[PDB]
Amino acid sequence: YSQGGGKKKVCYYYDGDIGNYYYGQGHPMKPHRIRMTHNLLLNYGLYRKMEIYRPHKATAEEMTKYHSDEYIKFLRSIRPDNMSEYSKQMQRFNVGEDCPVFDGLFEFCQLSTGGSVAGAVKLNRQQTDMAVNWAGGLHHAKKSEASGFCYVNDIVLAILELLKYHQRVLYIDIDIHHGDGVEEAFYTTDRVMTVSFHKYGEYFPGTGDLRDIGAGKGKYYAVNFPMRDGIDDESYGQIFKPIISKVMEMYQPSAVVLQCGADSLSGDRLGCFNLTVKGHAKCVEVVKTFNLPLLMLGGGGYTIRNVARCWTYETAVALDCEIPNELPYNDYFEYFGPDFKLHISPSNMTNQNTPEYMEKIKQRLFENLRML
């Protein structure tokens, strides 16, 4: 054997029932955006260059590999018609406000975590390069608590499956929020390194300070890059590739998990960044060039007309397949008005992240990376 890396094999996971799940009236988290993303992929003809699978509904036994039985059994039983009986237990598990109770809620968790664990065993069996599950990426879920629209943490479950055959796993979180659920689950171990780029300061979930580097055996294995409002493509690109490559050099993992939170795009309903799709997808290109078993997952994204743009192009990036900027016709062609074009343009907001601030945080994290 010889050679380095060429074109990669991709396995895509999607379930048709994922689009009908409804969080609530006026709730920003709309699972319908995944079906928009999948439908846009089909109309681009990208189904010819990838293997599409349907994820199984992950059983409660697979979920209890990280979560507790009290929290999992609660999710199986809670329904919109018997919430009053579970009023006290709804509050203990933070199920009610940001994480409301809707119809078929447990099945939605089974489809999300199913694609991540199915893609995990697919990578472990060495039958693909990248596994794509845009229904996953829910990174805020806790062991016995829900938060940030996340109920069951597919990422932690998918990484625990990778640990059966990969002694070191690298987790990358480009969601505008901090991956606090993934970071907390591996905060005291060196087998999993968590790296998260996020907006910090009076923003959900409040954690993510760069001074949190880990504890116990996992000290210096938790990298956080706090950011400010309105970061653009050049500011994100000048720090992503050098920091990711330094992690790949000092840590040298055997598997990568890249959470592609789309809420860090320009003009997001809940976000405040100013990234474009090309600037967002460039993060996938950097991780892809290292030629490691990658697990691409979804996550944030609340301007759904742009979420379908981002996760479609990033899928083509995984396929190394160029796609025209002119959007073809699709079932949801009305959402992409008034331009009906794939890529987007930045806003006029000010970049609160000065280039001198970007260099200082980068150099501060290089100090912790030398400690390996």
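Numbering starts at 1 and follows the sequence shown.
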### Task
Look up the CA B-factors in the entry and say which stretch, 101-109 or 298-306, has the higher mean.
101-109
### Query
Mean C-alpha B factor from the entry: is it higher for 76-84 or for 165-173?
76-84
### Task
Please rank the C-alpha B-factors of the chain's modelled residues and tell me whether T37 sits in the lowest, middle or highest third.
lowest
### Message
Going by the CA temperature factor in the PDB record, which third of the chain does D209 belong to: lowest, middle or highest?
### Response
middle
### Task
Could you tell me which third, lowest, middle or highest, the C-alpha B-factor of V156 occupies within its chain?
lowest
### Query
Which third, lowest, middle or highest, does the CA B-factor of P55 fall in along this chain?
lowest
### Message
Taking only the Cα B-factors deposited for this chain, tell me whether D232 sits in the lowest, middle or highest third.
### Response
middle
